[PDB]
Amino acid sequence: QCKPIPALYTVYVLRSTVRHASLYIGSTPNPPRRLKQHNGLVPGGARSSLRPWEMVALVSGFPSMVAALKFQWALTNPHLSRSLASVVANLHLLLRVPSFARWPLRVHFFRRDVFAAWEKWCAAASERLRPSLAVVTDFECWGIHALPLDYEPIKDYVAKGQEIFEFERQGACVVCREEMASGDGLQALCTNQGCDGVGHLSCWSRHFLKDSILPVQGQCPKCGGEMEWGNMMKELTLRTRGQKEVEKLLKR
């Protein structure tokens, strides 16, 4: 990869309001614009007969566009892995499937009916869904027009790294304790404000996993706070690759 972890990339379930039985499964990093395209207001969409469309639900936090498409196709084709009942159930299984089980994902619902089917299915579910998988609702700006399309929800975090690593306050690693030189390997910074704990990238993975390759949840050694591996990487890749993206965020 050569671009940082996108600020937002979703896989959405689209429904017609003309016909509640017509669903459509796509992906986008900008849900408001893509919904505007599905309803003919912005040029770019794929049949007005079913317009206007709505986004009843979406899954967020795909760490790469490739990943979001691997998921999108996997949900448009359950016969190789239709109705709201099956879409809800296929989504539930895919989130447990090993190929996606450890991804930094969040499930969003926007329609009390569709969210009701999700709870109806989870009540009969075979396996319980991983508790780190946040399932959040947002009914009736709201809905998809509340999701932050940019890197603003981590602006202070990014500024913290811009200080620690520009002025070489990285210190010593907080796992191996060996003093890390500047620009000497990938050095990942903790998320919680007030703490400047830094460590070698492969050391955090070793620490979070105490079998597996990809960390999910974990606690900080220095400050004791909790972090999600997706956020820590979204800052590391932002610093390593997205120098331009960082400048537009902090107005530098």
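Note that residue numbering follows the sequence shown and begins at 1.
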> In the deposited sequence, how many residues between residue 140 and residue 141 have no modelled coordinates (none, 1 to 3, 4 to 9, 10 or more)?
Replying inline: 10 or more
> Once you work out the mean C-alpha B-factor for both 124-132 and 70-78 from the entry, which is higher?
Replying inline: 124-132
>> Going by the mean C-alpha B-factor recorded in the entry, which is higher: 173-181 or 148-156?
In response: 173-181
> Can you tell me which of 27, 60, 64, 219 has the highest Cα temperature factor in the record?
Replying inline: 219
>> Sorting by Cα B-factor within the chain, modelled residues only, which third would residue 233 end up in: lowest, middle or highest?
In response: lowest
>> Using only modelled residues of the chain, where does the Cα B factor of residue 167 rank: lowest third, middle third or highest third?
In response: highest
> Within this chain, which third does the Cα B-factor at residue 40 fall in: lowest, middle or highest?
Replying inline: middle
>> Where does the C-alpha B-factor of residue 201 rank in its chain, lowest, middle or highest third?
In response: lowest
> Hey, what third does residue 34 fall into on Cα B-factor, ranked over its chain?
Replying inline: lowest
